[PDB]
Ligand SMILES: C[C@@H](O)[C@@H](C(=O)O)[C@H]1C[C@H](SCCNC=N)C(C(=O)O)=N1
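Just one chain is shown here, as structure tokens, and it is the form deposited without the ligand.
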């Protein structure tokens, strides 16, 4: 583990505070601008859609990535939520009401047992079965997110190879001739401190770089900084052009 404070410039430039963590898979070495914040545990908010998806597929609550989840007809503040979805679009638009229905069908007993098997954060689901990742007792750090994502990348979690390949498909965010990004955003607003997340990895021709970042997010105006500050660090380190 090594601390690079020069990355703080990318936060200062936007009058913002947070952490970026990087893990080089080939060399088995980690890098961060803030070793203490890298190990601070927060609510995961919509980054929980990665384990929630795995559990729903392995139990047969979701049959495949094409199954349609029909809109329930309740008009909500996010326009993209008021329509029919599948697993790929529900991930892409972070569709909370679809994932709340998955959690209710999984139930408390199976949810708790799967999170112990994954070694996920503080393993504590206290609160509503369909909101504990937004305003209950579960907590995870940036370094614990990387540990979990490394198991997913190598198909080492205790669910089928099929469930792991489908979720990695749903995480696809960007691809071109230089790199592929598989990742998930989050925004924790119900309990202080309000924060934004981006967790995932960068696939290159002959290496993989795992990342996890969080930052203070007192309003929704800064949400685009989650991806923009991470890409400034990846360019500085010569990982992407």
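Positions refer to the first chain, counted from 1.
The protein also exists as the form deposited with the ligand bound; that form is not presented, and the subsequent description refers to it.
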Next item on the list: Just one of 43-51, 59-67, 208-216, 172-180 has residues with a heavy atom within 4.5 Å of the ligand in the deposited bound form, so point it out.
Entry: 43-51
Notebook entry, point to check: So in the deposited bound form, does any heavy atom of residue 31 sit within 4.5 Å of the ligand?
Noted result: no
Margin query: Residue-level question: is residue 81 within 4.5 Å of the ligand in the deposited bound form, judged on heavy atoms?
Written below: yes
Notebook entry, point to check: Using heavy atoms and a 4.5 Å limit, would one call residue 94 a contact residue for the ligand in the deposited bound form?
Noted result: yes
Next item on the list: Find out whether any non-hydrogen atom of residue 200 is located within 4.5 angstroms of the ligand in the deposited bound form, and reply yes or no.
Entry: no
Note to self: Using a 4.5 Å heavy atom cut-off, which residue among 156, 162, 110, 116 comes into contact with the ligand in the deposited bound form?
What the structure shows: 162
Check: Which of 142, 149, 134, 87 has a heavy atom within 4.5 Å of the ligand in the deposited bound form?
Finding: 134
